[PDB]
Amino acid sequence: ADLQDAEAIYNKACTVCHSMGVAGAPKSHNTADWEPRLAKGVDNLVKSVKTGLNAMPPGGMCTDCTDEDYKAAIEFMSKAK
Ligand code: HEC
């Protein structure tokens, strides 16, 4: 796919699960779901993404993804997760 826009990255990748909340995924736009993430910081969740959590593919479903577009994508939502 395409690594030009944080919006395009989340909207194509963090979309299957997080858009509706399928597989128990936490929402794109919550406050209480992001609170216990923003309490640590930002670049702590980018890691659990690149690593692939249990129900989550390694890379968060992106292959060639750089921390730049990665974090921009996390911060497009609510700068935690
Ligand atoms: C379904 C195939 C998913 C895709 C695609 C992405 N995510 Fe995801 N995410 C999913 C689930 C079911 C969960 C687990 C919720 C639980 O607590 O059981 C998550 C969780 C996260 C988290 C939070 C991890 C934590 O600290 O608990 C983050 C940081 C997150 N997801 C980010 C993220 C991004 C940025 C993705 C696109 C690149 C992405 N996820 C894709 C399911 C799915």
# chains A, B, ... in the order shown; residues from 1 in each chain; ligands from 1

call {"tool": "closest_atom_pairs", "arguments": {"of": "chain A", "to": "ligand 1", "cutoff": "6 Å", "atoms": "only C-alpha atoms and all ligand atoms", "output": "JSON lines"}}
result
{"residue": "A:10", "atom": "CA", "partner": "ligand 1", "partner_atom_place_in_ligand_line": "37 (C)", "distance": 5.1}
{"residue": "A:13", "atom": "CA", "partner": "ligand 1", "partner_atom_place_in_ligand_line": "37 (C)", "distance": 4.7}
{"residue": "A:14", "atom": "CA", "partner": "ligand 1", "partner_atom_place_in_ligand_line": "37 (C)", "distance": 3.5}
{"residue": "A:16", "atom": "CA", "partner": "ligand 1", "partner_atom_place_in_ligand_line": "5 (C)", "distance": 5.4}
{"residue": "A:17", "atom": "CA", "partner": "ligand 1", "partner_atom_place_in_ligand_line": "1 (C)", "distance": 4.2}
{"residue": "A:18", "atom": "CA", "partner": "ligand 1", "partner_atom_place_in_ligand_line": "43 (C)", "distance": 5.9}
{"residue": "A:23", "atom": "CA", "partner": "ligand 1", "partner_atom_place_in_ligand_line": "12 (C)", "distance": 4.7}
{"residue": "A:24", "atom": "CA", "partner": "ligand 1", "partner_atom_place_in_ligand_line": "12 (C)", "distance": 4.7}
{"residue": "A:25", "atom": "CA", "partner": "ligand 1", "partner_atom_place_in_ligand_line": "12 (C)", "distance": 3.5}
{"residue": "A:26", "atom": "CA", "partner": "ligand 1", "partner_atom_place_in_ligand_line": "15 (C)", "distance": 5.6}
{"residue": "A:45", "atom": "CA", "partner": "ligand 1", "partner_atom_place_in_ligand_line": "29 (C)", "distance": 4.3}
{"residue": "A:49", "atom": "CA", "partner": "ligand 1", "partner_atom_place_in_ligand_line": "32 (C)", "distance": 5.6}
{"residue": "A:55", "atom": "CA", "partner": "ligand 1", "partner_atom_place_in_ligand_line": "12 (C)", "distance": 5.2}
{"residue": "A:56", "atom": "CA", "partner": "ligand 1", "partner_atom_place_in_ligand_line": "43 (C)", "distance": 4.8}
{"residue": "A:60", "atom": "CA", "partner": "ligand 1", "partner_atom_place_in_ligand_line": "38 (C)", "distance": 4.2}
{"residue": "A:61", "atom": "CA", "partner": "ligand 1", "partner_atom_place_in_ligand_line": "5 (C)", "distance": 5.5}
{"residue": "A:74", "atom": "CA", "partner": "ligand 1", "partner_atom_place_in_ligand_line": "35 (C)", "distance": 5.1}
{"residue": "A:81", "atom": "CA", "partner": "ligand 1", "partner_atom_place_in_ligand_line": "29 (C)", "distance": 3.4}

call {"tool": "closest_residue", "arguments": {"among": "A:33, A:63, A:44, A:77", "to": "residue 15 in chain A", "atoms": "only C-alpha atoms"}}
result
A:77

call {"tool": "select_by_dssp", "arguments": {"residues": "chain A", "states": "helix (DSSP H, G or I)", "output": "PyMOL selection string"}}
result
chain A and resi 6-12+22-24+35-38+45-51+67-77

call {"tool": "closest_residue", "arguments": {"among": "A:30, A:12, A:20, A:43", "to": "residue 72 in chain A", "atoms": "only C-alpha atoms"}}
result
A:43

call {"tool": "residues_around", "arguments": {"residues": "range 68-71 of chain A", "least_positions_apart": "6", "cutoff": "8 Å", "atoms": "only C-alpha atoms", "output": "list in words"}}
result
residues 3, 4, 5, 6, 9, 42, 43, 46 and 79 of chain A

call {"tool": "write_last_selection", "arguments": {"atoms": "C-alpha atoms", "output": "compact mmCIF listing (two decimals), in the first residue's frame"}}
result
# COMPACT_ATOMS: atom_id res chain seq x y z
CA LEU A 3 3.24 5.47 3.30
CA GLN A 4 2.49 9.07 2.43
CA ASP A 5 -0.13 9.99 5.04
CA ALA A 6 -0.87 9.04 8.65
CA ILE A 9 -2.12 4.54 7.04
CA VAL A 42 3.10 7.93 23.07
CA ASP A 43 6.11 5.91 21.77
CA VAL A 46 3.93 2.31 18.65
CA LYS A 79 -1.82 10.66 20.67

call {"tool": "atom_distance", "arguments": {"atom1": "CA of residue 37 in chain A", "atom2": "CA of residue 1 in chain A"}}
result
27.9 Å
